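First the structure, in the form of structure tokens, and then the observations on it.
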Amino acid sequence: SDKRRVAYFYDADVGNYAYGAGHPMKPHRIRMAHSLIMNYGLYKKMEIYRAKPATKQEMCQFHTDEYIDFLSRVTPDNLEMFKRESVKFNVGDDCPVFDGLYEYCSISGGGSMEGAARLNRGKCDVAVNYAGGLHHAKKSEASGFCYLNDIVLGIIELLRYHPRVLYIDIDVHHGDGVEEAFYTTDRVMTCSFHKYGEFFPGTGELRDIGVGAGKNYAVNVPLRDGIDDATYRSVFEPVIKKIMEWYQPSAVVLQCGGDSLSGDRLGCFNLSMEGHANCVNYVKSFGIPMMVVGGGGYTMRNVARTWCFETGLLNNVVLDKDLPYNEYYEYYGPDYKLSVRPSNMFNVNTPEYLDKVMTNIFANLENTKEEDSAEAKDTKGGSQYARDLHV
Amino acid sequence: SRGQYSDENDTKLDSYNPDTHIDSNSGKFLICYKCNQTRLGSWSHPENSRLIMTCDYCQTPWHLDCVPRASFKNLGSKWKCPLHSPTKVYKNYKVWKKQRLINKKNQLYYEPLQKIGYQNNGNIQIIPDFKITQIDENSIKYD
Amino acid sequence: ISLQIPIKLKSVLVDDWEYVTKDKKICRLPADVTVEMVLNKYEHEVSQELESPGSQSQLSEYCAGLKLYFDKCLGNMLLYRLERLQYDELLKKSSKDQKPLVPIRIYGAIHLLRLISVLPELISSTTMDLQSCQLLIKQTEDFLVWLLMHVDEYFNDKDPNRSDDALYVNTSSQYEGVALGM
Amino acid sequence: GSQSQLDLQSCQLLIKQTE
């Protein structure tokens, strides 16, 4: 809607990491999203930024000392001797290790703290971090099939400028660690959309809205196996409208998870480009400070398509469906158009069930009313452009 | 299997509903308690069809919209229909945990002689050491 | 051979098993009540409620034998797979300040009752005379009868979710993962 | 509206009612 200054941080090292063979969750989607953004000519209203690797003693702001020290010491050649810390944090059993793991966590946490600092100094209204998005882990855990929770690393880094923080999770495999870390405090409100069925987090309920000062201030909605665009609009607009009319947040952290797209390895939702765009569009419509972060997406074509669409609209330009030639020209679909087609799969959700969720949510919410900190030390990294327009 | 406490634990078309709305036990239709609508729907427009899960204890029908549930669980603890006594009712405080049932030589015993200001903290086998006392409905009405 | 475990205490053991495995809860390490205080309450209470023809001799002898039994046979049969790493870290903390490894004064009456219940499992597989067995069974039955009256004070029905006096600490995700791993 | 109401607890109601 209104004109906004959108900042986007990307590290080239994020792309060249492979989690493993047969691995759905992977970092290669970030480099192709970056390439699509670079080749779509979005640089006219954008600035490029380089994500500095996370400093060790500031990385420990969320996690424990031994967990970070293990992550900086973990590698495939010594995982066999690392058995205790391998099984203690669910590392190598469900989430295998690889070369450059600590590098990935460092650059992801650096990008998240960079977005938080850009929010703090206020030069850019919106920060986009596709490089991070690791949003399932916990203080001493790699559960939820990831390794870090860099959103909660970036949320508290923006607490100093933003007292009230609002977080939204729209993809499946919701933010167990995100709502867990900010359970008992009203300062950060965690909203998450997920399905009751068993997922990588597994958690999420309708009665776990908070304890202590954070009571009634962490709303979770249990959804069903696939939502139509109209039903998702009817379940998203009133809830977020009531939240912004009651909570009065001063910041928004939006999880741009591609896991809820029409067809991926573990996703089970059926939203098209319109359905995924309205989540960001609605929370953009209030103009309060914003931080877009993305970690979801098991299929490259769908998550790259929706990330290019989000990058397009976020700058208030008309993003066309045609894809310019790039290194991934023969990648996205047969017709090579930027549109994720919603599958012909049934709408399990009920309007009566949605109305019941609305009524109990409204009745729930009616009762309520470190040597480098706050720093933006980085480099633009736009001197050389790797635009491959030649076959 | 490995030393667990075993107490109660063990995307297609509309065809889920006929497989759930008909149990073939007596050739009848099960109707939910909150609303007296089975809501099987029509084949041409299956969006009005609602999935119904039955209880694993008393086989009470229940719509997925009346009780806040969104999926069927068939691994782990069996789903409990919310029309029974609470297991951990909380009222410093008190954590009621029942007194279970005894099948060893009918040790649980049945002695109905007072049924007045019984104060037997629940645990009644209603009729028309550990002691599962017997109670009647007239006493429940009276008190 | 098999001692008359009262049905209330059988329910207590099943509840403890549920808490350990299904609910994933372990007992308080710094328990307010251990075996030392329950035996102190025994000697403070049961001595004056009966005459003294000499029964105090073998009464205290059985108490001392039980106390000695609770040390070595704790790490042999007890410690459900969740509690192995808590035992490891307890002995590591005991060895940190050069203190001797004495685990009897750490665990509460739940492990004491569990050791009481596990007696017929290994009593039968040894050359152990019935003459002392009858007296031991009778006095252990008296022990369970005493525990019956004290069951509300000693195993009060509380959970580790809103107070710290529930004689239980809940498992953590890392501790749950590493306890059942190895 | 209570008008009337008439182990070791099998006889305490009668003495309470009479006395």
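Each chain in the structure tokens gets a letter, A, B and so on, in the order shown; residues start at 1 in every chain, and ligands are counted from 1 in the order they appear.
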Cut-off 6 Å: closest chain A/chain C atom pairs per residue, using only C-alpha atoms, as JSON lines:
{"residue": "A:87", "atom": "CA", "partner": "C:178", "partner_atom": "CA", "distance": 5.9}
{"residue": "A:88", "atom": "CA", "partner": "C:178", "partner_atom": "CA", "distance": 4.7}
{"residue": "A:89", "atom": "CA", "partner": "C:174", "partner_atom": "CA", "distance": 5.8}
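Residues of chain A lying within 8 Å of chain B, counting only C-alpha atoms, are residues 195, 196, 197, 206, 222, 223, 224, 225, 345, 346, 347, 349, 350, 352, 353, 356 and 357 of chain A.
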What are the residues of chain D that have an atom within 9 Å of an atom of chain B, counting only C-alpha atoms, as an MDAnalysis selection string? chainID D and resid 2 5 7 9:10 13
Pull out every residue of chain C sitting within 8 Å of chain B, counting only C-alpha atoms, and send them as a PyMOL selection string. chain C and resi 6-8+11+14+17-18+21-22+157-159
So which bits of region 167-379 of chain A end up alpha helix (DSSP H) when you DSSP the backbone, as a ChimeraX atom specification? /A:176-181,229-246,273-284,300-314,351-365
Would you please give, as a list in words, all residues of region 237-349 of chain A that DSSP assigns to strand (DSSP E or B) based on the backbone? residues 251, 252, 253, 254, 255, 261, 271, 290, 291, 292, 293, 322 and 337 of chain A
Work out how far CA of residue 52 (chain B) is from CA of residue 80 (chain B), in Å to one decimal. 13.8 Å
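For the pair CA of residue 375 (chain A) and CA of residue 15 (chain A), the separation is 25.3 Å.
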Tell me which protein, DNA and RNA residues are within 10 Å of residue 71 (chain C), counting only C-alpha atoms, leaving out same-chain ones fewer than 3 positions away, and put them as a list in words. residues 66, 67, 68, 74, 75, 76, 101, 102, 103, 104 and 105 of chain C
Any chance you could export the current selection's N, CA and C atoms as a CSV table (one decimal), in the first residue's frame?
chain,number,residue,atom,x,y,z
C,66,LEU,N,18.6,-52.5,55.6
C,66,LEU,CA,17.9,-51.9,54.5
C,66,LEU,C,18.7,-50.7,54.0
C,67,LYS,N,19.2,-49.9,54.9
C,67,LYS,CA,20.0,-48.7,54.5
C,67,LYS,C,21.2,-49.1,53.7
C,68,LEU,N,21.8,-50.2,54.1
C,68,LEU,CA,23.0,-50.7,53.4
C,68,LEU,C,22.5,-51.3,52.0
C,74,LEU,N,20.8,-49.8,44.5
C,74,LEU,CA,20.2,-48.7,43.9
C,74,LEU,C,20.6,-48.7,42.4
C,75,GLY,N,21.9,-48.6,42.2
C,75,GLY,CA,22.4,-48.6,40.8
C,75,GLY,C,22.4,-50.0,40.1
C,76,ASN,N,21.8,-51.0,40.7
C,76,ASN,CA,21.7,-52.3,40.0
C,76,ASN,C,20.4,-52.5,39.4
C,101,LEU,N,30.9,-41.1,47.4
C,101,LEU,CA,29.7,-41.4,46.7
C,101,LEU,C,28.7,-42.2,47.6
C,102,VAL,N,27.8,-41.4,48.1
C,102,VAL,CA,26.8,-42.0,49.1
C,102,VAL,C,25.4,-41.6,48.6
C,103,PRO,N,24.8,-42.4,47.7
C,103,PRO,CA,23.5,-42.1,47.1
C,103,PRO,C,22.3,-42.3,47.9
C,104,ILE,N,22.4,-42.9,49.1
C,104,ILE,CA,21.2,-43.2,49.8
C,104,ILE,C,20.5,-41.9,50.3
C,105,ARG,N,21.2,-40.9,50.7
C,105,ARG,CA,20.6,-39.6,51.2
C,105,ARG,C,20.2,-38.7,50.1
With a distance cut-off of 8 Å and only C-alpha atoms, select the neighbouring residues of residue 31 (chain B), excluding the residue or stretch itself and same-chain residues fewer than 6 positions from it, and output the selection as a PyMOL selection string. chain B and resi 37-38+61-62
For N, CA and C atoms, I'd like the residues from the last selection saved as a tab-separated table (two decimals), in the first residue's frame.
chain	number	residue	atom	x	y	z
B	37	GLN	N	-26.97	-33.30	13.61
B	37	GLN	CA	-26.78	-33.33	12.16
B	37	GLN	C	-25.61	-34.24	11.85
B	38	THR	N	-25.86	-35.29	11.06
B	38	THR	CA	-24.76	-36.13	10.60
B	38	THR	C	-23.94	-35.43	9.52
B	61	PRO	N	-20.53	-40.42	18.88
B	61	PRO	CA	-20.22	-39.65	17.67
B	61	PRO	C	-19.88	-38.20	18.01
B	62	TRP	N	-18.98	-37.63	17.22
B	62	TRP	CA	-18.55	-36.25	17.44
B	62	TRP	C	-18.07	-35.65	16.13
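Interatomic distance, CA of residue 115 (chain C) to CA of residue 140 (chain C): 11.8 Å.
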